[PDB]
Structure formats: C-alpha cells, structure tokens
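Colleague: Sharing a structure below in structure tokens format, with a few things to ask.
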C-alpha cells in the first residue's frame, strides 16, 4: 500500500532487496521514527560516520533492513523559517550502535 | 476586502527606498502576502514572504541581506525597505495576497503597484 | 618538479576546512596523486588516491563520505573540504605522486604538509 | 527551470491556438502549473487555477492541461479586447534556491 | 591487519641491529613491503624498493628481507645522525577496506 508516492528516494536496500520485500517472512520489525536531512542521508548508510550521526544516532554495519522516506521539508516548514526543529551537536563523544 | 498602494518618485542613486501598502477586509493575521517586482520587458520575480502576527520573513538568494522588512497588524502596513538602489532596479512593486496559512496557495487580485526609478 | 602546500590555522570544530596544494613538473594525465595524513607521535594513515583527467576518486573506510575532494587539470589545484572535525582530526596532510596509471608501487616525494588543529 | 515560452502567438478570429510553457524536472513534472493573464495598463490578473475546471467563472472556451514537462492552454474566439500577455508560475525547487520563477513574454493580437 | 611494530629499537654507535614488522596473513606474504625513515624536522624520504635492490643509491650497509608473514631490516654502522623513526607500509586487502596500512611506531636509540 506504500507504493503510491514518487519522493521515496532511499530504495537502496542492503540486507535484502526491495523486490524481495514481500517475499520472505520476518520475525520482529524494528522501526525508528525521526527526521534526517538528505545532506547527510548518505552518512546513514552502514560503515559510515558524519557529525549529526556521529552524535545522536548510529547504525550497525550489518544493516538488516532499509529505510523509506519522502520530502519532510514540504510536510513541515513555516514561511518565517522552520526554527522549531531542535537538535544536539555538542556531546562529549560518539556512541555505539543502538543506544541513546 | 481591497488593497491600495502608496506613491513614489525618482530617488537618488546609492540610496534606499521604502514601500508601504494598505489592505482592508479579512483578518490580517490569517493570510499571507507575497512581495513581487515586475520589470518592463521581462517576467516578474518573487523575493519576500510576509508572516503577519510574529512578522516572520524569508527572502530569495540573490536578494538577501540588502532587504529590510517591517510588519505590524495595528497599523496594517508593510514597511518594505530596499537598499543600494541602482539603475537595474527599476520595477513595479506589488504586495500580493496568498490563500492563507500556507505559502503554497492561490493568488487573490492585487493592488495598483508602486513604481520607483533611479 | 615540486609540490608546495597552502597556509591554514586553527578552526572551530564541526566546520569545513579548505586544504590544497599545487602541482607542477611533468605531464599530468598519466600520474596518479596520493594524499596521506600523519598524526604526531604515531603512524600515518592513508587518505586518498586520485586519477587526474576524469578526476577518479577513492577513499578509505574511516573517511568514506565524510571528506570531499575536488580536482582539476588546467588550473592544477587539488582541494579537500574537511567537515565534522574532531580532536582526532588534528594532524598534518601530505600530497604525493605515484607511478602513473597504477596505484601499487613506490611513493614519489611528498610536500611540506598542512597542520590542522581544533 | 526558467519557464521557456514562445515570444509571440498570432491568430485569427474564429480560430483556436494552443500555447504552452515548457519546463524540466522538479518544476513542471512534479510541481503544479499556473497560467496568469496580464492586461496592458491595469493590475496583474489571474487566468486559471489547477487545470481541471474554471477558476471562478468563465465560458468553457478557455481550457488547458499538462503533459510531461510542459503545460498547454488552448484559446479560441480571438477578439479585439483579447490583446494582452500571459505569464506562467510554478514552484521551482532548484538547487540552492526555491524562488517563484516565471516565464518570459508572449504577444496576442 | 594492524601491522604490529616494536615500540623502540635499542642501539649503540658502530653495530648492527634488526628492526622488523610482523603482520597477518595476506598482508606481508601477499604484497611487498616498504621501509621508511622519518628524520626530525624533515619530510619523510624513500629508502628502499621491494627488498631486492636499491632505488637510486645507498651504501649496502642496510639490508632488507622477508620471512613468512614478517619483514626485517638489518642496519649496521650506526651513527648519531641516523637516530630516527622507522615505518613500514603495505597493501592490506582485508575485509571492509584495503588501504595502504602502516605499522606501529619505533624509536632508534
């Protein structure tokens, strides 16, 4: 039912294939809901670091799964400039995968 | 439910101009205004957005940092200041009226425009 | 027939630092270019290998995507634009020369390096 | 894009002429298309909404659609008062900048 | 892999000692090794090719060889001028990355 919008641009899928999506049975799906700009969407890929990723979210090298996403800016962004979105960039150090 | 402009004349080069337009009718804080300039012999270009209430602003890339905006609801005027006027900036200014509560919207009828020359 | 670096200083962490060195001497289309980073008090880590002409690029595991390089032929400049600087990114960069159309073999002499600290 | 438009579009009374604004990807293909009518000596005015029905009220002589990266509009029944010019408005979403890019100019007799 | 190196290399002026890099499989036994010497305050300089010949010319008092998964360099006629840091470089071809890996760090005393 999700094959109806063009702005899905993250069809690169590492653990399995998007053609093999509804092909084999899965045990326990793990979904994490958040918003990342497309400037560092290539840093989301396993085996890669960056800065926003280096400080808040981490991904395993054996990325069992893959992400679907469309344009957030169209969804939320006031005419005065969306300053409502807040982030954190100045922690002590990095973090291991699957902690917060 | 109508919009009117102000008057303008020839200004000296290397100066700043100020445009104000008045509106009447619907709620001032429940609508959005585009700021456009039309040059003779060429198509119009949109630069600035109006956010009434908090008076928020956003401009284009080629016209940012030289442009000053002031918005208020009690006076219901839009003080639209352009700086560093040159001979290429001879265009008719218009304050539009969007669909409301979104930049993505449809255009209401405009006013009469303000003409400045250098 | 030599390579010299550019001048830089300390920069704020989490920013972009521009680094470059010139290139002159022999013909340009058939000699690969190596860049390598060296930390004081430890061993150096290999940074990048670049093919001029088409500007082919390749990067190591620890620096894949987080660093950006650009190259050109006529002006003969070789840029990196470092981003996401840590305290680990305080080291000296060196730009090199290779055998030519091959990334295996001895390394031709480096420059004087560029020191970067946060 | 830059909303390329033909410089003129001549015609005769009793004849229908199709005039189009041609763009590119991420401006006309995904974003909506607008058509606005400017009369000489008066304020800028609107011609059409989204290309399905009349904006507020007009006979069905004015109609148009879109295809690929272009938006076409057919005008029939040329009159003396019909002499005006037209503009195309669409969402740009270009690289490092998203200003409301318009078209060039057209001539109707 | 990681190319373990001794932390230091003891010596006195006028004698011969060996400095060695020990590596894992498919890193030293597969591809050739490169010896490097870092003089203080100067850019590093090449001293050997694949250890069968001298690149341009050095007196033959320094001799390099390989043994299994390790490489060794015997130095003789030690001077106070040659007190420097020695490095070894090799093509790794390991899992998830195959860069020009280097050794650890040694100091000549």
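Colleague: Would you mind listing the strands (runs of 3 or more DSSP E) fully within the range C:66-108 where at least 1 residues are within 14 Å of chain A (Cβ to nearest Cβ)? Quick ask: steps written out before the conclusion?
Modeller: Details: elements: C:67-71, C:77-82, C:91-95.
Strands (runs of 3 or more DSSP E) meeting the threshold: C:67-71, C:77-82.
Colleague: So, of the residues in the range E:7-38 that are within 13 Å of chain C (Cβ to nearest Cβ) and assigned to a loop (DSSP other than H, G, I, E, B), which turns out to be surrounded by the most Cβ atoms within 10 Å (Cβ to Cβ)?
Modeller: Across the range E:7-38, the extreme among qualifying residues is E:32.
Colleague: Here's something else I'd like to know. Take the residues in the range D:100-109 that are assigned to a loop (DSSP other than H, G, I, E, B) and within 14 Å of chain B (Cβ to nearest Cβ), then tell me which one is farthest from the chain's Cα centre (by Cα). Walk me through it before giving the result.
Modeller: First, the residues of the range D:100-109 that are assigned to a loop (DSSP other than H, G, I, E, B): D:100, D:102-109.
Filter once more, so that each one left must be within 14 Å of chain B (Cβ to nearest Cβ): D:100, D:102-107.
Details: D:100: 15, D:102: 10, D:103: 9, D:104: 11, D:105: 10, D:106: 10, D:107: 12 Å.
Looking at residues that are assigned to a loop (DSSP other than H, G, I, E, B) and within 14 Å of chain B (Cβ to nearest Cβ), I get D:100.
Colleague: Quick check on the range C:2-15. Is at least one of its residues within 11 Å of chain E (Cβ to nearest Cβ), under 21 Å from residue E:38 (Cα atoms), surrounded by 14 or more Cβ atoms within 10 Å (Cβ to Cβ) and touching a strand residue (DSSP E or B) at 6+ places or on another chain (Cβ under 9 Å)?
Modeller: The answer is yes; a qualifying residue exists.
Colleague: Go through the range B:33-45 and count every residue that is touching a strand residue (DSSP E or B) at 6+ places or on another chain (Cβ under 6 Å) and either closer than 21 Å to residue B:72 by Cα or exposed (fewer than 12 other Cβ atoms within 10 Å of the Cβ) (or both).
Modeller: Matching residues across the range B:33-45 total 4.
Colleague: Since residue D:61 meets every condition but one in (1) within 11 Å of chain B (Cβ to nearest Cβ); (2) part of a loop (DSSP other than H, G, I, E, B); (3) surrounded by fewer than 17 Cβ atoms within 10 Å (Cβ to Cβ), which condition does it not meet?
Modeller: (1)
Colleague: Looking at B:106, B:110, can you tell me which residue is surrounded by fewer than 17 Cβ atoms within 10 Å (Cβ to Cβ) and within 23 Å of residue D:88 (Cα to Cα)? Reasoning before the result, please.
Modeller: Working: B:110 fails: surrounded by fewer than 17 Cβ atoms within 10 Å (Cβ to Cβ).
Unique residue meeting the criteria: B:106.
Colleague: Name the residues in the range B:42-60 that are away from chain A (no Cβ under 14 Å) and outside any strand (DSSP E or B), would you?
Modeller: First, pick out the residues of the range B:42-60 that are away from chain A (no Cβ under 14 Å): B:42-45.
Hits for the range B:42-60 are B:42, B:43, B:44.
Colleague: For the range A:60-89, how many residues meet the condition of being farther than 30 Å from residue B:60 by Cβ and in contact with a helix residue (DSSP H, G or I) (Cβ under 8 Å, 6 or more places away or on another chain)?
Modeller: The number of residues fulfilling the criteria is 1.
Colleague: Ok, one more. Specify the residue that is farthest from the chain's Cα centre (by Cα); the eligible residues are those in the range E:64-99 that are part of a loop (DSSP other than H, G, I, E, B), more than 14 Å from chain C (Cβ to nearest Cβ) and under 18 Å from residue E:31 (Cβ atoms).
Modeller: That would be E:68.
Colleague: Something else: So which of A:63, A:98 ends up being surrounded by 16 or more Cβ atoms within 10 Å (Cβ to Cβ) and under 15 Å from the mean Cα position of the chain (by Cα)?
Modeller: On the way: A:98 fails: surrounded by 16 or more Cβ atoms within 10 Å (Cβ to Cβ).
Of A:63, A:98, the one residue that is surrounded by 16 or more Cβ atoms within 10 Å (Cβ to Cβ) and under 15 Å from the mean Cα position of the chain (by Cα) is A:63.
Colleague: So, of the residues in the range D:39-58 that are touching a residue at least 12 places away in the same chain (Cβ under 8 Å) and assigned to a loop (DSSP other than H, G, I, E, B), which turns out to be surrounded by the most Cβ atoms within 10 Å (Cβ to Cβ)?
Modeller: Per the stated criteria, the residue is D:51.
Every residue, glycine among them, receives a Cβ derived from its backbone with ideal geometry; neighbour counts consider all protein chains shown. Only the coordinates and a few stated rules stand behind these numbers; no lab work does.
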